[PDB]
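Text of target_34.cif, listed as mmCIF, N, CA and C atoms:
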data_protein
loop_
_atom_site.group_PDB
_atom_site.id
_atom_site.type_symbol
_atom_site.label_atom_id
_atom_site.label_comp_id
_atom_site.auth_asym_id
_atom_site.auth_seq_id
_atom_site.Cartn_x
_atom_site.Cartn_y
_atom_site.Cartn_z
ATOM 1 N N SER D 200 133.622 125.686 159.117
ATOM 2 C CA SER D 200 133.126 125.503 157.758
ATOM 3 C C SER D 200 133.873 126.387 156.760
ATOM 4 N N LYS D 201 135.110 126.743 157.100
ATOM 5 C CA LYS D 201 135.974 127.485 156.194
ATOM 6 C C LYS D 201 136.806 126.512 155.375
ATOM 7 N N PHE D 202 137.019 126.856 154.105
ATOM 8 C CA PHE D 202 137.704 125.997 153.151
ATOM 9 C C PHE D 202 139.000 126.634 152.676
ATOM 10 N N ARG D 203 140.009 125.800 152.447
ATOM 11 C CA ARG D 203 141.224 126.227 151.776
ATOM 12 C C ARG D 203 141.213 125.687 150.352
ATOM 13 N N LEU D 204 141.851 126.430 149.443
ATOM 14 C CA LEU D 204 141.853 126.099 148.019
ATOM 15 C C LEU D 204 143.023 125.186 147.690
ATOM 16 N N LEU D 205 142.725 123.917 147.398
ATOM 17 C CA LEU D 205 143.756 123.009 146.913
ATOM 18 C C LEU D 205 144.249 123.414 145.536
ATOM 19 N N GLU D 206 143.337 123.772 144.645
ATOM 20 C CA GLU D 206 143.707 124.113 143.285
ATOM 21 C C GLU D 206 142.464 124.622 142.586
ATOM 22 N N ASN D 207 142.643 125.589 141.698
ATOM 23 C CA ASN D 207 141.605 125.938 140.746
ATOM 24 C C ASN D 207 141.846 125.106 139.492
ATOM 25 N N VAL D 208 140.911 124.219 139.177
ATOM 26 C CA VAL D 208 141.038 123.315 138.037
ATOM 27 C C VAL D 208 140.032 123.775 136.987
ATOM 28 N N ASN D 209 140.506 124.510 135.976
ATOM 29 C CA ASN D 209 139.673 124.939 134.849
ATOM 30 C C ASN D 209 138.404 125.658 135.311
ATOM 31 N N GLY D 210 138.577 126.581 136.255
ATOM 32 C CA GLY D 210 137.475 127.375 136.759
ATOM 33 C C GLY D 210 136.715 126.765 137.920
ATOM 34 N N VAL D 211 136.979 125.509 138.261
ATOM 35 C CA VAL D 211 136.332 124.838 139.381
ATOM 36 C C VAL D 211 137.272 124.940 140.574
ATOM 37 N N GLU D 212 136.790 125.517 141.671
ATOM 38 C CA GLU D 212 137.593 125.592 142.885
ATOM 39 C C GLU D 212 137.577 124.231 143.553
ATOM 40 N N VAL D 213 138.741 123.608 143.689
ATOM 41 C CA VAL D 213 138.860 122.381 144.467
ATOM 42 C C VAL D 213 139.225 122.789 145.885
ATOM 43 N N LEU D 214 138.307 122.561 146.810
ATOM 44 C CA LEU D 214 138.397 123.046 148.179
ATOM 45 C C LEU D 214 138.416 121.881 149.147
ATOM 46 N N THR D 215 138.997 122.111 150.321
ATOM 47 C CA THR D 215 138.915 121.149 151.410
ATOM 48 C C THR D 215 138.793 121.943 152.700
ATOM 49 N N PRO D 216 138.179 121.386 153.743
ATOM 50 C CA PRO D 216 138.111 122.122 155.009
ATOM 51 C C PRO D 216 139.501 122.557 155.464
ATOM 52 N N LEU D 217 139.548 123.720 156.125
ATOM 53 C CA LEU D 217 140.806 124.388 156.467
ATOM 54 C C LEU D 217 141.833 123.431 157.043
ATOM 55 N N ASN D 218 141.430 122.645 158.032
ATOM 56 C CA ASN D 218 142.377 121.793 158.722
ATOM 57 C C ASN D 218 142.298 120.334 158.305
ATOM 58 N N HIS D 219 141.625 120.037 157.197
ATOM 59 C CA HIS D 219 141.609 118.675 156.706
ATOM 60 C C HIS D 219 143.039 118.211 156.424
ATOM 61 N N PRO D 220 143.330 116.931 156.631
ATOM 62 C CA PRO D 220 144.673 116.411 156.345
ATOM 63 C C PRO D 220 145.036 116.554 154.876
ATOM 64 N N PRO D 221 146.309 116.359 154.533
ATOM 65 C CA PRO D 221 146.763 116.619 153.163
ATOM 66 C C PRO D 221 146.097 115.713 152.134
ATOM 67 N N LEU D 222 145.854 116.287 150.956
ATOM 68 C CA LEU D 222 145.243 115.574 149.846
ATOM 69 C C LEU D 222 146.045 115.663 148.557
ATOM 70 N N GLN D 223 147.238 116.263 148.585
ATOM 71 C CA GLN D 223 148.020 116.465 147.364
ATOM 72 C C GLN D 223 148.160 115.190 146.529
ATOM 73 N N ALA D 224 148.308 114.037 147.179
ATOM 74 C CA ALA D 224 148.487 112.786 146.449
ATOM 75 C C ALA D 224 147.291 112.438 145.565
ATOM 76 N N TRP D 225 146.116 112.963 145.872
ATOM 77 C CA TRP D 225 144.929 112.687 145.079
ATOM 78 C C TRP D 225 144.771 113.623 143.897
ATOM 79 N N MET D 226 145.634 114.625 143.750
ATOM 80 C CA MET D 226 145.365 115.644 142.742
ATOM 81 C C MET D 226 145.256 115.113 141.319
ATOM 82 N N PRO D 227 146.099 114.192 140.838
ATOM 83 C CA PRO D 227 145.895 113.711 139.465
ATOM 84 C C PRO D 227 144.541 113.060 139.268
ATOM 85 N N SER D 228 144.061 112.313 140.271
ATOM 86 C CA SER D 228 142.729 111.726 140.191
ATOM 87 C C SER D 228 141.655 112.794 140.230
ATOM 88 N N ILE D 229 141.797 113.772 141.130
ATOM 89 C CA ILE D 229 140.812 114.845 141.208
ATOM 90 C C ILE D 229 140.739 115.594 139.887
ATOM 91 N N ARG D 230 141.897 115.897 139.289
ATOM 92 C CA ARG D 230 141.896 116.625 138.022
ATOM 93 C C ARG D 230 141.185 115.841 136.932
ATOM 94 N N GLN D 231 141.418 114.532 136.869
ATOM 95 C CA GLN D 231 140.726 113.726 135.875
ATOM 96 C C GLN D 231 139.230 113.724 136.129
ATOM 97 N N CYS D 232 138.833 113.612 137.394
ATOM 98 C CA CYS D 232 137.417 113.612 137.741
ATOM 99 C C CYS D 232 136.751 114.924 137.338
ATOM 100 N N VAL D 233 137.392 116.050 137.642
ATOM 101 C CA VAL D 233 136.847 117.345 137.242
ATOM 102 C C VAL D 233 136.763 117.444 135.724
ATOM 103 N N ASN D 234 137.798 116.966 135.023
ATOM 104 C CA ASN D 234 137.775 116.936 133.556
ATOM 105 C C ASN D 234 136.560 116.175 133.035
ATOM 106 N N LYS D 235 136.330 114.970 133.554
ATOM 107 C CA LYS D 235 135.234 114.152 133.051
ATOM 108 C C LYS D 235 133.884 114.732 133.451
ATOM 109 N N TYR D 236 133.802 115.324 134.644
ATOM 110 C CA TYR D 236 132.541 115.900 135.086
ATOM 111 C C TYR D 236 132.161 117.078 134.214
ATOM 112 N N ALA D 237 133.155 117.852 133.793
ATOM 113 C CA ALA D 237 132.895 118.948 132.870
ATOM 114 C C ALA D 237 132.261 118.478 131.563
ATOM 115 N N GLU D 238 132.472 117.221 131.166
ATOM 116 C CA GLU D 238 131.935 116.757 129.888
ATOM 117 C C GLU D 238 130.414 116.679 129.893
ATOM 118 N N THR D 239 129.801 116.477 131.054
ATOM 119 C CA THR D 239 128.350 116.457 131.160
ATOM 120 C C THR D 239 127.800 117.660 131.914
ATOM 121 N N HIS D 240 128.631 118.674 132.191
ATOM 122 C CA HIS D 240 128.193 119.854 132.950
ATOM 123 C C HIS D 240 128.942 121.075 132.410
ATOM 124 N N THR D 241 128.342 121.756 131.433
ATOM 125 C CA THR D 241 128.996 122.883 130.778
ATOM 126 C C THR D 241 128.186 124.162 130.938
ATOM 127 N N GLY D 242 128.862 125.284 130.705
ATOM 128 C CA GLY D 242 128.181 126.568 130.698
ATOM 129 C C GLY D 242 127.671 126.911 132.081
ATOM 130 N N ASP D 243 126.409 127.344 132.145
ATOM 131 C CA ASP D 243 125.798 127.660 133.433
ATOM 132 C C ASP D 243 125.763 126.453 134.358
ATOM 133 N N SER D 244 125.782 125.243 133.807
ATOM 134 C CA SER D 244 125.745 124.027 134.607
ATOM 135 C C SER D 244 127.117 123.565 135.084
ATOM 136 N N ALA D 245 128.187 124.269 134.738
ATOM 137 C CA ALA D 245 129.497 123.890 135.249
ATOM 138 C C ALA D 245 129.500 124.053 136.766
ATOM 139 N N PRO D 246 130.125 123.142 137.505
ATOM 140 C CA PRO D 246 130.152 123.305 138.957
ATOM 141 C C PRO D 246 131.015 124.496 139.316
ATOM 142 N N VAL D 247 130.630 125.162 140.406
ATOM 143 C CA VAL D 247 131.419 126.255 140.962
ATOM 144 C C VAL D 247 132.627 125.700 141.699
ATOM 145 N N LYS D 248 132.412 124.649 142.474
ATOM 146 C CA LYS D 248 133.448 124.138 143.340
ATOM 147 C C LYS D 248 133.217 122.662 143.538
ATOM 148 N N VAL D 249 134.272 122.007 143.989
ATOM 149 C CA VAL D 249 134.222 120.617 144.403
ATOM 150 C C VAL D 249 134.936 120.525 145.741
ATOM 151 N N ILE D 250 134.258 119.960 146.727
ATOM 152 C CA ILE D 250 134.811 119.810 148.066
ATOM 153 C C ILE D 250 135.366 118.403 148.168
ATOM 154 N N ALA D 251 136.654 118.300 148.448
ATOM 155 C CA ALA D 251 137.337 117.022 148.575
ATOM 156 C C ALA D 251 137.590 116.727 150.048
ATOM 157 N N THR D 252 137.157 115.549 150.507
ATOM 158 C CA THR D 252 137.385 115.118 151.880
ATOM 159 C C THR D 252 137.672 113.622 151.919
ATOM 160 N N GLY D 253 138.172 113.170 153.063
ATOM 161 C CA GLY D 253 138.538 111.763 153.207
ATOM 162 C C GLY D 253 139.923 111.527 152.665
ATOM 163 N N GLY D 254 140.090 110.462 151.884
ATOM 164 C CA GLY D 254 141.348 110.257 151.193
ATOM 165 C C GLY D 254 142.497 109.779 152.040
ATOM 166 N N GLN D 255 142.269 109.478 153.314
ATOM 167 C CA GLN D 255 143.378 109.006 154.135
ATOM 168 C C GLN D 255 143.578 107.508 153.979
ATOM 169 N N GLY D 256 142.528 106.790 153.609
ATOM 170 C CA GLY D 256 142.618 105.441 153.097
ATOM 171 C C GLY D 256 142.527 105.439 151.586
ATOM 172 N N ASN D 257 141.794 104.473 151.040
ATOM 173 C CA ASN D 257 141.735 104.312 149.596
ATOM 174 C C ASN D 257 140.509 104.957 148.961
ATOM 175 N N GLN D 258 139.753 105.756 149.713
ATOM 176 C CA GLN D 258 138.515 106.353 149.225
ATOM 177 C C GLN D 258 138.519 107.856 149.471
ATOM 178 N N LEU D 259 138.140 108.613 148.447
ATOM 179 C CA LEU D 259 138.006 110.062 148.507
ATOM 180 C C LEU D 259 136.569 110.447 148.178
ATOM 181 N N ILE D 260 136.030 111.423 148.911
ATOM 182 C CA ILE D 260 134.707 111.974 148.655
ATOM 183 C C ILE D 260 134.869 113.290 147.911
ATOM 184 N N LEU D 261 134.154 113.444 146.797
ATOM 185 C CA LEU D 261 134.110 114.709 146.068
ATOM 186 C C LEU D 261 132.668 115.185 146.003
ATOM 187 N N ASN D 262 132.422 116.390 146.486
ATOM 188 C CA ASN D 262 131.091 116.984 146.463
ATOM 189 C C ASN D 262 131.105 118.135 145.464
ATOM 190 N N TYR D 263 130.449 117.928 144.327
ATOM 191 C CA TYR D 263 130.340 118.953 143.297
ATOM 192 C C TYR D 263 129.177 119.873 143.617
ATOM 193 N N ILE D 264 129.459 121.163 143.700
ATOM 194 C CA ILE D 264 128.464 122.170 144.033
ATOM 195 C C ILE D 264 128.273 123.071 142.825
ATOM 196 N N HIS D 265 127.023 123.246 142.436
ATOM 197 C CA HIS D 265 126.650 124.075 141.300
ATOM 198 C C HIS D 265 126.091 125.411 141.773
ATOM 199 N N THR D 266 125.860 126.308 140.815
ATOM 200 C CA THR D 266 125.103 127.503 141.145
ATOM 201 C C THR D 266 123.717 127.089 141.638
ATOM 202 N N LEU D 267 123.099 127.953 142.443
ATOM 203 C CA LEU D 267 121.791 127.614 143.005
ATOM 204 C C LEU D 267 120.749 127.226 141.957
ATOM 205 N N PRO D 268 120.615 127.916 140.822
ATOM 206 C CA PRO D 268 119.635 127.464 139.821
ATOM 207 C C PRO D 268 119.921 126.086 139.279
ATOM 208 N N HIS D 269 121.153 125.596 139.414
ATOM 209 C CA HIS D 269 121.514 124.268 138.942
ATOM 210 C C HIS D 269 121.838 123.324 140.090
ATOM 211 N N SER D 270 121.346 123.623 141.287
ATOM 212 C CA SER D 270 121.672 122.795 142.439
ATOM 213 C C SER D 270 121.061 121.405 142.373
ATOM 214 N N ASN D 271 120.103 121.155 141.475
ATOM 215 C CA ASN D 271 119.656 119.781 141.293
ATOM 216 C C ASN D 271 120.739 118.893 140.697
ATOM 217 N N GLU D 272 121.826 119.481 140.202
ATOM 218 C CA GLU D 272 122.952 118.730 139.686
ATOM 219 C C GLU D 272 124.024 118.477 140.734
ATOM 220 N N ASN D 273 123.874 119.004 141.948
ATOM 221 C CA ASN D 273 124.889 118.754 142.966
ATOM 222 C C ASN D 273 124.993 117.262 143.228
ATOM 223 N N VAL D 274 126.223 116.771 143.377
ATOM 224 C CA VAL D 274 126.422 115.350 143.623
ATOM 225 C C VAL D 274 127.580 115.118 144.573
ATOM 226 N N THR D 275 127.427 114.081 145.384
ATOM 227 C CA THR D 275 128.523 113.479 146.120
ATOM 228 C C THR D 275 128.980 112.246 145.359
ATOM 229 N N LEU D 276 130.269 112.196 145.038
ATOM 230 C CA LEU D 276 130.875 111.061 144.361
ATOM 231 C C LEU D 276 131.973 110.489 145.244
ATOM 232 N N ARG D 277 132.251 109.205 145.069
ATOM 233 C CA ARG D 277 133.299 108.517 145.806
ATOM 234 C C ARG D 277 134.247 107.888 144.799
ATOM 235 N N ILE D 278 135.535 108.160 144.943
ATOM 236 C CA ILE D 278 136.520 107.568 144.055
ATOM 237 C C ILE D 278 137.529 106.792 144.883
ATOM 238 N N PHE D 279 138.085 105.752 144.276
ATOM 239 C CA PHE D 279 139.060 104.903 144.933
ATOM 240 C C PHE D 279 140.441 105.156 144.351
ATOM 241 N N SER D 280 141.466 104.887 145.159
ATOM 242 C CA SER D 280 142.832 105.106 144.697
ATOM 243 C C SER D 280 143.220 104.096 143.624
ATOM 244 N N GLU D 281 142.937 102.814 143.861
ATOM 245 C CA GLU D 281 143.383 101.775 142.938
ATOM 246 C C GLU D 281 142.458 101.658 141.730
ATOM 247 N N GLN D 282 141.146 101.646 141.961
ATOM 248 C CA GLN D 282 140.193 101.483 140.872
ATOM 249 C C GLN D 282 140.325 102.625 139.868
ATOM 250 N N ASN D 283 139.881 102.360 138.636
ATOM 251 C CA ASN D 283 140.071 103.274 137.509
ATOM 252 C C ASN D 283 138.781 103.392 136.699
ATOM 253 N N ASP D 284 137.726 103.886 137.331
ATOM 254 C CA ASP D 284 136.464 104.141 136.649
ATOM 255 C C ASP D 284 136.095 105.618 136.697
ATOM 256 N N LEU D 285 137.097 106.502 136.633
ATOM 257 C CA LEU D 285 136.807 107.931 136.731
ATOM 258 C C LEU D 285 135.943 108.412 135.572
ATOM 259 N N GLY D 286 136.102 107.818 134.388
ATOM 260 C CA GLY D 286 135.275 108.212 133.260
ATOM 261 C C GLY D 286 133.796 107.959 133.475
ATOM 262 N N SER D 287 133.453 106.902 134.213
ATOM 263 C CA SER D 287 132.059 106.571 134.480
ATOM 264 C C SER D 287 131.574 107.023 135.851
ATOM 265 N N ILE D 288 132.468 107.164 136.831
ATOM 266 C CA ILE D 288 132.052 107.699 138.125
ATOM 267 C C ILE D 288 131.839 109.203 138.036
ATOM 268 N N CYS D 289 132.723 109.895 137.324
ATOM 269 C CA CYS D 289 132.710 111.344 137.242
ATOM 270 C C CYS D 289 131.958 111.850 136.025
ATOM 271 N N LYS D 290 131.263 110.962 135.314
ATOM 272 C CA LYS D 290 130.445 111.290 134.138
ATOM 273 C C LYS D 290 131.036 112.357 133.221
#

Is it possible to express this structure as structure tokens?
Amino acid sequence: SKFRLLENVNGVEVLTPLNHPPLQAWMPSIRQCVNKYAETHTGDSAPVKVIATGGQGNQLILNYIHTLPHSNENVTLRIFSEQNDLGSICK
């Protein structure tokens, strides 16, 4: 259950399990998703981290984790490589 840091995106740690396969190809999508998620989650409600997994086919799982007082905002989201609804999937 140890994570490696793919990237810090505007204060949000984008993490993946230590030995998870490579995800670099998803980074532009992940960055857009984090950008859009920040639009509805600011200040104390900003997520601490997002765990990225999957992505070996056309689907990536992003788990946004908040501080404990804001853990009711934690979400698992699924994004596709081809589809382009990041503005509405990532709120």

Which residue of D:285, D:217, D:264, D:224 approaches residue 246 in chain D most closely, using only C-alpha atoms:
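Between D:285, D:217, D:264, D:224, the residue approaching residue 246 in chain D most closely is D:264.
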
Selected residue of minimal separation from residue 223 in chain D among D:261, D:269, D:275, D:205, counting only N, CA and C atoms:
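Closest to residue 223 in chain D of all the choices is D:205.
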
Ground truth for the PyMOL selection byres ((chain D and resi 215) around 7), written as a PDB file with N, CA and C atoms, keeping the file's coordinate frame:
ATOM      1  N   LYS D 201     135.110 126.743 157.100  1.00  0.00           N
ATOM      2  CA  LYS D 201     135.974 127.485 156.194  1.00  0.00           C
ATOM      3  C   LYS D 201     136.806 126.512 155.375  1.00  0.00           C
ATOM      4  N   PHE D 202     137.019 126.856 154.105  1.00  0.00           N
ATOM      5  CA  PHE D 202     137.704 125.997 153.151  1.00  0.00           C
ATOM      6  C   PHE D 202     139.000 126.634 152.676  1.00  0.00           C
ATOM      7  N   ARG D 203     140.009 125.800 152.447  1.00  0.00           N
ATOM      8  CA  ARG D 203     141.224 126.227 151.776  1.00  0.00           C
ATOM      9  C   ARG D 203     141.213 125.687 150.352  1.00  0.00           C
ATOM     10  N   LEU D 204     141.851 126.430 149.443  1.00  0.00           N
ATOM     11  CA  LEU D 204     141.853 126.099 148.019  1.00  0.00           C
ATOM     12  C   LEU D 204     143.023 125.186 147.690  1.00  0.00           C
ATOM     13  N   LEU D 205     142.725 123.917 147.398  1.00  0.00           N
ATOM     14  CA  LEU D 205     143.756 123.009 146.913  1.00  0.00           C
ATOM     15  C   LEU D 205     144.249 123.414 145.536  1.00  0.00           C
ATOM     16  N   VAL D 213     138.741 123.608 143.689  1.00  0.00           N
ATOM     17  CA  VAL D 213     138.860 122.381 144.467  1.00  0.00           C
ATOM     18  C   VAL D 213     139.225 122.789 145.885  1.00  0.00           C
ATOM     19  N   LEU D 214     138.307 122.561 146.810  1.00  0.00           N
ATOM     20  CA  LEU D 214     138.397 123.046 148.179  1.00  0.00           C
ATOM     21  C   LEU D 214     138.416 121.881 149.147  1.00  0.00           C
ATOM     22  N   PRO D 216     138.179 121.386 153.743  1.00  0.00           N
ATOM     23  CA  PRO D 216     138.111 122.122 155.009  1.00  0.00           C
ATOM     24  C   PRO D 216     139.501 122.557 155.464  1.00  0.00           C
ATOM     25  N   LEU D 217     139.548 123.720 156.125  1.00  0.00           N
ATOM     26  CA  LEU D 217     140.806 124.388 156.467  1.00  0.00           C
ATOM     27  C   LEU D 217     141.833 123.431 157.043  1.00  0.00           C
ATOM     28  N   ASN D 218     141.430 122.645 158.032  1.00  0.00           N
ATOM     29  CA  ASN D 218     142.377 121.793 158.722  1.00  0.00           C
ATOM     30  C   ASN D 218     142.298 120.334 158.305  1.00  0.00           C
ATOM     31  N   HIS D 219     141.625 120.037 157.197  1.00  0.00           N
ATOM     32  CA  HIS D 219     141.609 118.675 156.706  1.00  0.00           C
ATOM     33  C   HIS D 219     143.039 118.211 156.424  1.00  0.00           C
ATOM     34  N   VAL D 249     134.272 122.007 143.989  1.00  0.00           N
ATOM     35  CA  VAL D 249     134.222 120.617 144.403  1.00  0.00           C
ATOM     36  C   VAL D 249     134.936 120.525 145.741  1.00  0.00           C
ATOM     37  N   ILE D 250     134.258 119.960 146.727  1.00  0.00           N
ATOM     38  CA  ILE D 250     134.811 119.810 148.066  1.00  0.00           C
ATOM     39  C   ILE D 250     135.366 118.403 148.168  1.00  0.00           C
ATOM     40  N   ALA D 251     136.654 118.300 148.448  1.00  0.00           N
ATOM     41  CA  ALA D 251     137.337 117.022 148.575  1.00  0.00           C
ATOM     42  C   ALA D 251     137.590 116.727 150.048  1.00  0.00           C
ATOM     43  N   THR D 252     137.157 115.549 150.507  1.00  0.00           N
ATOM     44  CA  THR D 252     137.385 115.118 151.880  1.00  0.00           C
ATOM     45  C   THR D 252     137.672 113.622 151.919  1.00  0.00           C
TER      46      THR D 252
END

Atomic separation - CA of residue 281 in chain D relative to CA of residue 262 in chain D, Å:
19.9 Å

Any chance you could work out the residue set of the PyMOL selection byres (((chain D and resi 270 and name CA) around 12) and name CA) here, as a ChimeraX atom specification?
/D:240,243-248,262-269,271-274

From a DSSP calculation on the backbone, collect every residue of chain D in alpha helix (DSSP H) and output the set as an mmCIF file with N, CA and C atoms, keeping the file's coordinate frame.
data_model
loop_
_atom_site.group_PDB
_atom_site.id
_atom_site.type_symbol
_atom_site.label_atom_id
_atom_site.label_comp_id
_atom_site.auth_asym_id
_atom_site.auth_seq_id
_atom_site.Cartn_x
_atom_site.Cartn_y
_atom_site.Cartn_z
ATOM 1 N N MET D 226 145.634 114.625 143.750
ATOM 2 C CA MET D 226 145.365 115.644 142.742
ATOM 3 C C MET D 226 145.256 115.113 141.319
ATOM 4 N N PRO D 227 146.099 114.192 140.838
ATOM 5 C CA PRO D 227 145.895 113.711 139.465
ATOM 6 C C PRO D 227 144.541 113.060 139.268
ATOM 7 N N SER D 228 144.061 112.313 140.271
ATOM 8 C CA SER D 228 142.729 111.726 140.191
ATOM 9 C C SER D 228 141.655 112.794 140.230
ATOM 10 N N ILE D 229 141.797 113.772 141.130
ATOM 11 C CA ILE D 229 140.812 114.845 141.208
ATOM 12 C C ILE D 229 140.739 115.594 139.887
ATOM 13 N N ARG D 230 141.897 115.897 139.289
ATOM 14 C CA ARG D 230 141.896 116.625 138.022
ATOM 15 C C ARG D 230 141.185 115.841 136.932
ATOM 16 N N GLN D 231 141.418 114.532 136.869
ATOM 17 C CA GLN D 231 140.726 113.726 135.875
ATOM 18 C C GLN D 231 139.230 113.724 136.129
ATOM 19 N N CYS D 232 138.833 113.612 137.394
ATOM 20 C CA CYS D 232 137.417 113.612 137.741
ATOM 21 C C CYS D 232 136.751 114.924 137.338
ATOM 22 N N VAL D 233 137.392 116.050 137.642
ATOM 23 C CA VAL D 233 136.847 117.345 137.242
ATOM 24 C C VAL D 233 136.763 117.444 135.724
ATOM 25 N N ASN D 234 137.798 116.966 135.023
ATOM 26 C CA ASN D 234 137.775 116.936 133.556
ATOM 27 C C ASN D 234 136.560 116.175 133.035
ATOM 28 N N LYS D 235 136.330 114.970 133.554
ATOM 29 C CA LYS D 235 135.234 114.152 133.051
ATOM 30 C C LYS D 235 133.884 114.732 133.451
ATOM 31 N N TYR D 236 133.802 115.324 134.644
ATOM 32 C CA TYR D 236 132.541 115.900 135.086
ATOM 33 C C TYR D 236 132.161 117.078 134.214
ATOM 34 N N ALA D 237 133.155 117.852 133.793
ATOM 35 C CA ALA D 237 132.895 118.948 132.870
ATOM 36 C C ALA D 237 132.261 118.478 131.563
ATOM 37 N N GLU D 238 132.472 117.221 131.166
ATOM 38 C CA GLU D 238 131.935 116.757 129.888
ATOM 39 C C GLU D 238 130.414 116.679 129.893
ATOM 40 N N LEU D 285 137.097 106.502 136.633
ATOM 41 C CA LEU D 285 136.807 107.931 136.731
ATOM 42 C C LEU D 285 135.943 108.412 135.572
ATOM 43 N N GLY D 286 136.102 107.818 134.388
ATOM 44 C CA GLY D 286 135.275 108.212 133.260
ATOM 45 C C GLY D 286 133.796 107.959 133.475
ATOM 46 N N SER D 287 133.453 106.902 134.213
ATOM 47 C CA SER D 287 132.059 106.571 134.480
ATOM 48 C C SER D 287 131.574 107.023 135.851
ATOM 49 N N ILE D 288 132.468 107.164 136.831
ATOM 50 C CA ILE D 288 132.052 107.699 138.125
ATOM 51 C C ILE D 288 131.839 109.203 138.036
#

Check the DSSP output for the backbone and give back, as an MDAnalysis selection string, the residues of chain D in strand (DSSP E).
chainID D and resid 202:208 211:216 248:253 258:264 274:279

Of D:208, D:260, D:288, D:278, the one sitting nearest residue 233 in chain D when using only C-alpha atoms is D:208

As an exercise, work out the distance from atom C of residue 209 in chain D to atom C of residue 283 in chain D in Å and give it to one decimal place.
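Going from atom C of residue 209 in chain D over to atom C of residue 283 in chain D, I get 22.3 Å.
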
Please, what distance in Å, to one decimal, runs between CA of residue 241 in chain D and atom N of residue 255 in chain D?
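Atom-to-atom, CA of residue 241 in chain D to atom N of residue 255 in chain D, that is 29.4 Å.
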
Can you fill out range 269-280 of chain D with N, CA, C and O atoms and hand it back as a PDB file, in the frame of the given file?
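And here's result_16.pdb as it stands now:
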ATOM      1  N   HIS D 269     121.153 125.596 139.414  1.00  0.00           N
ATOM      2  CA  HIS D 269     121.514 124.268 138.942  1.00  0.00           C
ATOM      3  C   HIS D 269     121.838 123.324 140.090  1.00  0.00           C
ATOM      4  O   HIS D 269     122.505 122.303 139.886  1.00  0.00           O
ATOM      5  N   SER D 270     121.346 123.623 141.287  1.00  0.00           N
ATOM      6  CA  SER D 270     121.672 122.795 142.439  1.00  0.00           C
ATOM      7  C   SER D 270     121.061 121.405 142.373  1.00  0.00           C
ATOM      8  O   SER D 270     121.470 120.540 143.154  1.00  0.00           O
ATOM      9  N   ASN D 271     120.103 121.155 141.475  1.00  0.00           N
ATOM     10  CA  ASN D 271     119.656 119.781 141.293  1.00  0.00           C
ATOM     11  C   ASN D 271     120.739 118.893 140.697  1.00  0.00           C
ATOM     12  O   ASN D 271     120.600 117.663 140.723  1.00  0.00           O
ATOM     13  N   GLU D 272     121.826 119.481 140.202  1.00  0.00           N
ATOM     14  CA  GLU D 272     122.952 118.730 139.686  1.00  0.00           C
ATOM     15  C   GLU D 272     124.024 118.477 140.734  1.00  0.00           C
ATOM     16  O   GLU D 272     124.995 117.772 140.440  1.00  0.00           O
ATOM     17  N   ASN D 273     123.874 119.004 141.948  1.00  0.00           N
ATOM     18  CA  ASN D 273     124.889 118.754 142.966  1.00  0.00           C
ATOM     19  C   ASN D 273     124.993 117.262 143.228  1.00  0.00           C
ATOM     20  O   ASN D 273     123.980 116.567 143.347  1.00  0.00           O
ATOM     21  N   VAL D 274     126.223 116.771 143.377  1.00  0.00           N
ATOM     22  CA  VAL D 274     126.422 115.350 143.623  1.00  0.00           C
ATOM     23  C   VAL D 274     127.580 115.118 144.573  1.00  0.00           C
ATOM     24  O   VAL D 274     128.577 115.854 144.580  1.00  0.00           O
ATOM     25  N   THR D 275     127.427 114.081 145.384  1.00  0.00           N
ATOM     26  CA  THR D 275     128.523 113.479 146.120  1.00  0.00           C
ATOM     27  C   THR D 275     128.980 112.246 145.359  1.00  0.00           C
ATOM     28  O   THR D 275     128.170 111.353 145.075  1.00  0.00           O
ATOM     29  N   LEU D 276     130.269 112.196 145.038  1.00  0.00           N
ATOM     30  CA  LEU D 276     130.875 111.061 144.361  1.00  0.00           C
ATOM     31  C   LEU D 276     131.973 110.489 145.244  1.00  0.00           C
ATOM     32  O   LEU D 276     132.568 111.194 146.057  1.00  0.00           O
ATOM     33  N   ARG D 277     132.251 109.205 145.069  1.00  0.00           N
ATOM     34  CA  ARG D 277     133.299 108.517 145.806  1.00  0.00           C
ATOM     35  C   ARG D 277     134.247 107.888 144.799  1.00  0.00           C
ATOM     36  O   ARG D 277     133.810 107.186 143.879  1.00  0.00           O
ATOM     37  N   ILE D 278     135.535 108.160 144.943  1.00  0.00           N
ATOM     38  CA  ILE D 278     136.520 107.568 144.055  1.00  0.00           C
ATOM     39  C   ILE D 278     137.529 106.792 144.883  1.00  0.00           C
ATOM     40  O   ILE D 278     137.796 107.114 146.042  1.00  0.00           O
ATOM     41  N   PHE D 279     138.085 105.752 144.276  1.00  0.00           N
ATOM     42  CA  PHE D 279     139.060 104.903 144.933  1.00  0.00           C
ATOM     43  C   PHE D 279     140.441 105.156 144.351  1.00  0.00           C
ATOM     44  O   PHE D 279     140.582 105.605 143.211  1.00  0.00           O
ATOM     45  N   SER D 280     141.466 104.887 145.159  1.00  0.00           N
ATOM     46  CA  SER D 280     142.832 105.106 144.697  1.00  0.00           C
ATOM     47  C   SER D 280     143.220 104.096 143.624  1.00  0.00           C
ATOM     48  O   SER D 280     143.765 104.465 142.576  1.00  0.00           O
TER      49      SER D 280
END
